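The chain contents come next:
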Amino acid sequence: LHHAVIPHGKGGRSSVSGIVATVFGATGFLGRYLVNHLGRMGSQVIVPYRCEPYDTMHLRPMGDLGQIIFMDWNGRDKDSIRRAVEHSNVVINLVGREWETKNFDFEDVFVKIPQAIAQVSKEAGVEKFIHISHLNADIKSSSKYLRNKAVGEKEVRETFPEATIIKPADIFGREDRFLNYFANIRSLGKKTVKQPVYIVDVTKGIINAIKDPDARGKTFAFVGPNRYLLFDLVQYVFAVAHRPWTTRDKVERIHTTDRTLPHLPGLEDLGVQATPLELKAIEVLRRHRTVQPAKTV
Amino acid sequence: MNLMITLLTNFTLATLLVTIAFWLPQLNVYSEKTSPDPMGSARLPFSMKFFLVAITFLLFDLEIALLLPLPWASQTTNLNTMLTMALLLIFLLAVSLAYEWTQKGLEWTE
Ligand SMILES: NC(=O)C1=CN([C@@H]2O[C@H](COP(=O)(O)OP(=O)(O)OC[C@H]3O[C@@H](n4cnc5c(N)ncnc54)[C@H](OP(=O)(O)O)[C@@H]3O)[C@@H](O)[C@H]2O)C=CC1
């Protein structure tokens, strides 16, 4: 263990955490709060960005001087990935799209980019890897999202055998596409059952998967405390928000019930207590509003 | 007919500029912002003085509504009566302003 990567300090901003992290997909919704939580410990956080450097401004107050290194990367360029991961001791993958674009489909985003990141991270000697799949990833699933994400989970497992794959159910926060989707929809009620998980709980889970040495080669399923139906959840979101872009793949995933996987460990096996929706839903939906809580199952 | 075509063209150009001014920066996919004044949460305090200047405007505007046909009124064959009633209307506007003065009506918006 190198001398510069021994932890020092009281775990604050100006400390050294010993985590040298590369966070792919950090310019989005999970990478925002993950780079916040890594930078408040004093971690060297490499943020490979694909977008305009204007869109990485909000990440810059999140750490101390020199602690975030922004560098360019293309997903179809293995040289840029090796140029980004060859100094890390943990790699976090957060590349995702709710929609398939002209240059990238669900296959390239969920299979080719994670497998190339995991393979180049294997041949660069990175000790830990954290892959972020979805809870409802299935080969025979109705949505192309979850099909390619189950295939990418399989490939990340087979090409980086000590990867820590984490399954969130449906993450809610201020910048989500779950509660803000339901609040701006003004699609229907079915027998779909969900248990959403709060983003700070997911982020503390990813930190505790970085730090715990027993999380290598495991698979985690991050779910919230309360299973809800779809209809009473959507009416609760319309009720808290004081209310009377979409695609068919998103609608088929909203109507996908959140599966229960008790054989996989969760937040409570990482020391994270899942915050319920009834503490944070007003924090999410206070922006939308110009209340009896929802029924559980 | 030409007047209505002109008004309709002006309204159409104004509506088109407003529609472009509300839709062209909404083409951007900038960011959805979270957590979107001197007085914080008080009600609006009613100022009597602003109501008084609005009512004084309305009454003097009615006196002006009486005053408007004078460029046609000078053309009459009863000029003594016309001149007397014209000076009498402007004098009644002056008496209304003088009474507004002398009863502290024009105070702190003088
Ligand atoms: N509720 C949720 O969001 C859930 C998410 N997940 C998974 O978590 C991860 C992150 O999700 P989330 O933050 O919410 O989604 P976002 O869309 O907000 O973030 C995706 C990130 O990946 C980047 N990215 C996307 N496509 C590409 C590409 N082709 N090449 C390079 N970079 C790319 C984006 O950068 P840029 O802006 O520059 O394009 C952004 O940094 C994904 O793997 C997703 O599958 C799992 C369960 C639930």
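Residues numbered from 1 in each chain as written, not as in the entry; some residues may be left out. Chains lettered and ligands numbered in written order. Part of a larger assembly, values for the part shown. Heavy atoms only, no water.

- Per the deposited record, determination of this structure is attributed to cryo-EM, with the resolution reported as 3.0 Å.

## A short note on the overall build of chain A
Here comes step 1: Along chain A, the regular secondary structure elements total 9 helices and 11 strands.
Here comes step 2: The C-alpha atoms of chain A give a radius of gyration of 19 Å, which matches the 19 Å a tight globule of 297 residues would have.
Here comes step 3: Its C-alpha atoms give chain A principal-axis dimensions of about 60 × 40 × 40 Å.
Here comes step 4: For chain A, the proportion of its 297 residues judged to be buried stands at 53%.
Here comes step 5: About 14,300 Å² of surface is accessible on chain A, with carbon and sulfur atoms providing 51% of the total.
Here comes step 6: With 43 positive and 33 negative side-chain charges, chain A shows a spacing of 5 Å between the two charge centroids. (Helix = DSSP H or I, 4+ residues; strand = E, 2+ residues; numbered from the N terminus. Rg over C-alpha atoms; globule rule 2.2 N^0.38 Å. Buried < 20%, exposed > 50% of the residue type's maximum accessible area, 1.4 Å probe, protein only. Areas by Shrake-Rupley, 256 points an atom, 1.4 Å probe, with all protein chains shown as cover. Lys, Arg positive; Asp, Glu negative; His and termini not counted. Charge placed at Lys NZ, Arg CZ, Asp CG, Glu CD.)

## Quick notes on the pattern of salt bridges
Residue and element names in this part refer to chain A.
Here comes step 1: Tallying each qualifying case throughout the model produces 15 salt bridges over all chains.
Here comes step 2: Between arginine 177 and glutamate 98 there is a salt bridge, and its shortest N-O distance comes to 3.9 Å. Note that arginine 177 is positioned in the loop between β7 (171-172) and α5 (179-183) and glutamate 98 in the loop between β4 (90-93) and α3 (106-123), a separation of 79 residues in sequence.
Here comes step 3: Exposure remark for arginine 177: the relative accessible area of 41% places this residue in the partly exposed category.
Here comes step 4: Given the relative accessible area of 16%, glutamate 98 is considered buried. (Salt bridge = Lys/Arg side-chain N within 4 Å of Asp/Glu carboxyl O.)

## Details of the packing of α3 of chain A against helix α4 (residues 144-159) of chain A
Residue and element names in this part refer to chain A.
Here comes step 1: Following both chains from N to C, one finds α3 and α4 inclined at 10 degrees, their axes separated by 8 Å at the closest point. The angle between the axes of α3 and α4 places the two elements in the roughly parallel class. Note on element contacts: α4 touches α3 through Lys144, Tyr145, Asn148, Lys149, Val151, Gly152, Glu155, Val156 and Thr159, opposite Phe106, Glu107, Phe110, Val111, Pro114, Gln115, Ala118, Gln119 and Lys122.
Here comes step 2: Looking at side-chain class alone, the contact of α3 with α4 contains 8 nonpolar, 5 polar and 5 charged residues. (Axes fitted to C-alpha atoms, helices over the stretch in contact; angles between N-to-C directions. Parallel < 35°, antiparallel > 145°, perpendicular 65-115°, else oblique. Contact = heavy atoms within 4.5 Å. Nonpolar A, V, L, I, M, F, W, Y, C, P; charged D, E, K, R; others polar.)

## Overview of the site of the ligand
Residue and element names in this part refer to chain A.
Here comes step 1: In the region of the ligand, 25 residues are neighbours, and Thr27, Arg50, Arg97, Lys149 and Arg177 sit closest.
Here comes step 2: Measuring from an oxygen atom of the ligand, one finds a backbone N or O atom of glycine 25 at 3.1 Å.
Here comes step 3: Between an oxygen atom of the ligand and a side-chain N or O atom of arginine 97, the distance comes to 2.8 Å.
Here comes step 4: Listing elements by their share of the shell around the ligand, those giving two or more residues are α1 (29-39), α3 and α4.
Here comes step 5: The leading source of residues in the shell around the ligand is α3, at 3 residues. (Near = heavy atom within 4 Å. Polar contact = N/O pair within 3.5 Å; in protein donor to acceptor, adjacent residues only side chain to side chain.)

## Concerning the packing of aromatic side chains
For any pair of aromatic rings, geometry is given as the distance between the ring centres together with the angle between the planes.
Residues and elements named next belong to chain A.
Here comes step 1: This model, assessed by the stated rule, comprises 12 aromatic pairs over all chains.
Here comes step 2: Ring geometry for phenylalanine 220 and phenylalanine 222: centres 6.4 Å apart, planes at 65 degrees, overall edge-to-face.
Here comes step 3: A relative accessible area of 5% means that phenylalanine 220 is categorised as buried.
Here comes step 4: Across the ring face of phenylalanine 104, the terminal group of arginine 76 is positioned such that the distance to the ring centre comes to 4.0 Å. (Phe/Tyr/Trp six-rings, centres within 6.5 Å; stacked < 30°, edge-to-face > 60°. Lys NZ or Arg CZ within 6 Å of the ring centre and 35° of its normal.)

## Structural notes on the environment of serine 133 of chain A
Here comes step 1: Considering the arrangement of structural elements, one finds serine 133 of chain A in the loop between β5 (128-132) and α4.
Here comes step 2: Note: C-alpha distance between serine 133 of chain A and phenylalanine 110 of chain A (23 residues apart in sequence) is 8.6 Å.

## Structural notes on the side chain of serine 80 of chain A
Residue and element names in this part refer to chain A.
Here comes step 1: Inspection of the secondary structure puts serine 80 in helix α2 (residues 78-85).
Here comes step 2: Of note is the side chain of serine 80, whose polar atom sits 2.9 Å from the backbone oxygen of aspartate 77.
Here comes step 3: Sequence-distant contacts of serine 80, defined by excluding residues within four places in its chain, comprise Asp72, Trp73 and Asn74.

## Let's talk about the nonpolar core
Residues and elements named next belong to chain A.
Here comes step 1: Core analysis: the biggest nonpolar cluster contains 61 residues, and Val23, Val35, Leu38, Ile92 and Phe182 have the highest contact counts within it.
Here comes step 2: It is helix α7 (residues 230-240) that contributes the most residues to this core, 7 residues altogether.
Here comes step 3: If we ignore the near neighbours within four places in the chain, the residues touching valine 35 are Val23, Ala26, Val45, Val47, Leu59, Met62 and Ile68.
Here comes step 4: Judged by nonpolar contacts, the second largest core, of 28 residues, contains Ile81, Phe104, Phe106 and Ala118. (Core = buried A, V, L, I, M, F, W, Y, C linked by side-chain atoms within 4.5 Å.)

## Things to note about the UniProt feature "transmembrane region" in chain B
Here comes step 1: Under the UniProt annotation, "transmembrane region" lies at residues 3-23, 50-70 and 79-99 of chain B.
Here comes step 2: Secondary structure within residues 3-23 of chain B divides into 100% helix and 0% strand; the distance between the first and last C-alpha atoms comes to 30 Å. (UniProt positions renumbered as here; feature names shortened; annotations may be inferred.)

## Remarks on α3 of chain A
Residue and element names in this part refer to chain A.
Here comes step 1: Spanning 18 residues, α3 covers 25 Å between terminal C-alpha atoms, matching the ideal 26 Å at 1.5 Å per step.
Here comes step 2: Residues of α3 that are buried: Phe106, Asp108, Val109, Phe110, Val111, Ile113, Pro114, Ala116, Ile117, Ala118, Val120 and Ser121.
Here comes step 3: Buried residues in α3 make contact with β1 (20-24), α2, β4, β5, α4 and α8 (248-254).
Here comes step 4: Just downstream of α3 lies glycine 125, where phi reads positive at about 80 degrees. (Expected span 1.5 Å × (residues − 1).)

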